[PDB]
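The form deposited without 2,5-dihydroxybenzenesulfonic acid (DBX) is given below as one chain in structure tokens.
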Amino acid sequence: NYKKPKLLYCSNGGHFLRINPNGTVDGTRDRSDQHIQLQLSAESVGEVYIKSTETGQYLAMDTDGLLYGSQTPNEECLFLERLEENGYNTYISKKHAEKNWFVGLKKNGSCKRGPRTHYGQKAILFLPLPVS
């Protein structure tokens, strides 16, 4: 199911995860935005890389839990993808997995930093959707 690109929709504020050309990561309510098309791929079961098709940058999480775009797919870019019972997917930073730092978007579209994320919050629930 990683064969084609997709959008990652956050049910908290209704934002599509966006990797901007300048390297910042946020969300947008505009489904037509060119920077929300993402290619997910898995080298190992349950572990994914999430890449911007438009800029080639990989989603990554820094040491303070902020999401950013990385030119290279390194250890900071691996996420543990889990399918929750409510049917939503969650993504935990593999590097920061002991701390349960999730990929998350606030209601205003800004990244909810890893340490502020917690299981049970709407900010961490994502729905993979077809591009068009």
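Residue numbers here begin at 1 and follow the sequence given.
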{"property": "40-48 or 64-72, whichever carries the higher mean Cα B-factor", "result": "40-48"}
{"property": "5-13 or 108-116, whichever carries the higher mean Cα B-factor", "result": "5-13"}
{"property": "Highest recorded Cα temperature factor - choice among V103, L80, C77, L83", "result": "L83"}
{"property": "Most elevated Cα B-factor in the entry, residues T90, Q34, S93, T28", "result": "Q34"}
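The same protein also exists as the form solved in complex with 2,5-dihydroxybenzenesulfonic acid (DBX); that form is not shown, yet it is the one meant from here on.
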{"query": "Answer option from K107, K99, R31, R82, heavy atom within 4.5 Å of 2,5-dihydroxybenzenesulfonic acid (DBX) in the entry with it bound", "finding": "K107"}
{"query": "4.5 Å heavy atom contact, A123 and 2,5-dihydroxybenzenesulfonic acid (DBX) in the entry with it bound", "finding": "yes"}
{"query": "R18: touches 2,5-dihydroxybenzenesulfonic acid (DBX) in the entry with it bound, heavy atom cutoff 4.5 angstroms", "finding": "no"}
